[PDB]
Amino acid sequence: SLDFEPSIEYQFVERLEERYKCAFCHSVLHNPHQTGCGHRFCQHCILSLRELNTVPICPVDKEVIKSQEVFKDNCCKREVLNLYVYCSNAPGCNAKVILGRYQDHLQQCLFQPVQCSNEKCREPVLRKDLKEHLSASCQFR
């Protein structure tokens, strides 16, 4: 497992060291690949570089990226997915989760809004309290 959705802006426990940022998109590496020049890029950013200028040159060295020497940085991929980020339920939840299981935490996190197990119930509810809306507070017992 241990994947993340790169579109989200995460708030990291410790400040994101630049060695874990892509050399082109500058975001946190998603499926990092290293090139022969010693630089890391997201997977969709290497191909994006490949679509342009024919020879995808490295944004830093300007060294020409020889596709035989490009490889998946599966070790760097693991160090990134083990970085700790604060939970999306910003103040309520105190959980420091790893990025690779961020999406799995929200599926169980008390304070992420669970819309109600009802016909209609446009009530705004938290996971902690939805059993407490089936309790007496929702409009069905």
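All residue numbers are counted from 1 along the displayed sequence.
Student: Would you determine, from the values in the PDB entry, which of 101 to 109 and 74 to 82 has the greater average C-alpha temperature factor?
Tutor: Result: 101 to 109.
Student: Averaging C-alpha B-factors over each stretch, which comes out higher, 110 to 118 or 36 to 44?
Tutor: Between 36 to 44 and 110 to 118, it is 110 to 118 that shows the higher mean C-alpha B-factor.
Student: Quick one: which of 29, 60, 64, 90 shows the highest Cα temperature factor in the PDB entry?
Tutor: Across 29, 60, 64, 90, the entry lists the biggest C-alpha B-factor for 90.
Student: Based on the entry's values, in what third of the chain does the Cα temperature factor of residue 25 lie: lowest, middle or highest?
Tutor: CA B-factor rank for residue 25: lowest third.
Student: Against its chain's modelled residues, does residue 19's Cα B factor rank lowest, middle or highest third?
Tutor: CA B-factor rank for residue 19: lowest third.
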